[PDB]
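**Student:** curious how this folds, go ahead:
(one chain, ligands or ions: 1)
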Amino acid sequence: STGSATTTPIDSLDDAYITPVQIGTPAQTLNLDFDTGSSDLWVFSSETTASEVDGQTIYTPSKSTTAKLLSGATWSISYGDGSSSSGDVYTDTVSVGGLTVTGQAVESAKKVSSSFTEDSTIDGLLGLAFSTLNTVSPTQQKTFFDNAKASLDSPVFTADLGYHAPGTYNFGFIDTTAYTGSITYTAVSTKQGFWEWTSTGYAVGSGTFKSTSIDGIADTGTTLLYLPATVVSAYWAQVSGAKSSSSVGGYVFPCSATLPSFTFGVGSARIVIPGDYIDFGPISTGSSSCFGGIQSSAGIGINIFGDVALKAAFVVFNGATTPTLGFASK
Ligand SMILES: O[C@H]1[C@H](NCC2CC2)[C@H]2CO[C@H](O2)[C@@H]1Sc1ccccc1
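**Tutor:** Numbers count the residues shown, from 1 in each chain. Structure data below:
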């Protein structure tokens, strides 16, 4: 089997991407944030505290003839930005782009934090990291990919995120028309539950490539590119007037600037992030100070190849017995 679904930016800055997902019988379609940095599939629901729902589409398990409460099961998660959600668990039928999993754990939110409430465009998350990170207690549950894997033509999924444009998530096959040149595969460590790999270095604009190992995670659920302070300083030093602002919470730059590209290494291959991918627009409406799309990971504990990096590539999440990651230009 295979599946193929279009993923769409939630706003003009590509702050996140949403992908339609069918849950239950009859289908209830929710727009979920596919997140390769977490392992819970959770949704706004009929159980979510009413004051914490503000325009999201909800899953109503009582209207699904295939929904079954998973007795005694609860979940609770918190993300890097300090947002969180929690609730109870159903199993139900879940389909993505024509690929169907029966008995998928669908984690129904009873509570969500303010950031989730305030984002009307995201109805929940679909985790695609390793199932060892799944938060369901007392019995940990499998991700959609882990449940689908054995049925797939090939045990893989691919992320092809667009810049200011729709893109695609494919399950079970590699669309050889969706990239240029070859896909370069690189080793993954699953020891922290992430698609964790080591980039071979970087360049800023037309500058010389610096060979240096950068361990980080391929994370579709993180908007920006978070890298070591040394690397980030080298990037922003090439932008006149750019500075790290403690008040704003990172590097900002004059909106009149032309940003240089940023290249990262995948083995001997190179992925080039165009400068405009690194522009996240005015810090507040009407400001001429713009927020940068490359930021320091110093306060995080891990480097994160988020959407700013991934959208510059066709990315293969290879879930073979020994997982690997593939990157191609496009
Ligand atoms: O990019 C943000 C995400 N924003 C959601 C998007 C709709 C706007 C969420 C999910 O994860 C964090 O908060 C990351 S920042 C991060 C920081 C430290 C560690 C990991 C990630």
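
**Student:** quick one, strands of the stretch 101-250 of the chain?
**Tutor:** Along the stretch 101-250 of the chain, the segments classed as strands by DSSP state E, counting those that start in this stretch run 124-127, 156-160, 167-171, 184-187, 196-204, 210-218, 225-227, 243-245, 250-254.

**Student:** among the ones you listed, which comes closest to the ligand?
**Tutor:** Across the strands of the stretch 101-250 of the chain, the ligand has its closest neighbour in strand 225-227 (6.7 Å, Cβ to the nearest ligand atom). To be clear about C-beta, it is placed using only N, CA and C from the backbone, and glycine gets the same treatment.

**Student:** near the ligand, which residues of the stretch 151-300 of the chain?
**Tutor:** 221, 222, 223, 300 (Cβ under 6 Å from any ligand atom).

**Student:** tabulate the strands of the stretch 101-250 of the chain in TSV, adding columns for mean neighbour count.
**Tutor:** Below are the strands of the stretch 101-250 of the chain laid out as TSV (neighbours: other Cβ atoms under 10 Å):
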stretch	mean neighbour count
strand 124-127	27
strand 156-160	23
strand 167-171	22
strand 184-187	16
strand 196-204	20
strand 210-218	17
strand 225-227	27
strand 243-245	15
strand 250-254	19
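
**Student:** right, and residue 327 touches residue 317 too?
**Tutor:** No - judged on Cβ atoms under 8 Å, residue 327 makes no contact with residue 317 at a distance of 10.8 Å.

**Student:** looking at the two, which one has more neighbours?
**Tutor:** Counted by other Cβ atoms under 10 Å, residue 327 and residue 317 do not tie: residue 327 has more neighbours, with 29 against 23.

**Student:** show me what contacts whichever residue of the stretch 1-150 of the chain sits closest to the ligand?
**Tutor:** Relative to the ligand, the nearest point of the stretch 1-150 of the chain is residue 80 (2.3 Å; Cβ to the nearest ligand atom). Taking Cβ atoms under 8 Å, 6 or more residues apart in numbering, we find residue 80 in contact with 222, 300.

**Student:** so how many other residues sit close to the closest residue in space to residue 66 that isn't next to it in sequence?
**Tutor:** Of all residues not flanking residue 66 in the chain, residue 25 sits nearest, at 4.3 Å (Cβ to Cβ, 6 or more residues apart in numbering). Burial of residue 25 is recorded as 13 neighbouring residues (other Cβ under 10 Å).

**Student:** where does residue 25 land in three-state SS?
**Tutor:** Look at residue 25: counting by DSSP: H, G, I helix; E, B strand; the rest coil, its state is coil.

**Student:** surely it meets residue 65?
**Tutor:** Yes - judged on Cβ under 8 Å, residue 25 makes contact with residue 65 at a distance of 4.9 Å.

**Student:** what's near enough to touch the nearest residue to residue 124 once chain neighbours are set aside?
**Tutor:** In space, and not counting its chain neighbours, residue 124 is closest to residue 43: 3.6 Å by Cβ to Cβ, 6+ apart. By Cβ under 8 Å, 6+ apart, the residues touching residue 43 are 23, 30, 32, 58, 59, 106, 107, 108, 109, 123, 124.

**Student:** JSON lines for those, including distance to residue 145?
**Tutor:** Formatted as JSON lines, the contacts of residue 43 follow (distance: Cβ to Cβ, whole Å):
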{"residue": "23", "distance to residue 145": "16"}
{"residue": "30", "distance to residue 145": "18"}
{"residue": "32", "distance to residue 145": "13"}
{"residue": "58", "distance to residue 145": "24"}
{"residue": "59", "distance to residue 145": "20"}
{"residue": "106", "distance to residue 145": "15"}
{"residue": "107", "distance to residue 145": "16"}
{"residue": "108", "distance to residue 145": "20"}
{"residue": "109", "distance to residue 145": "21"}
{"residue": "123", "distance to residue 145": "19"}
{"residue": "124", "distance to residue 145": "16"}
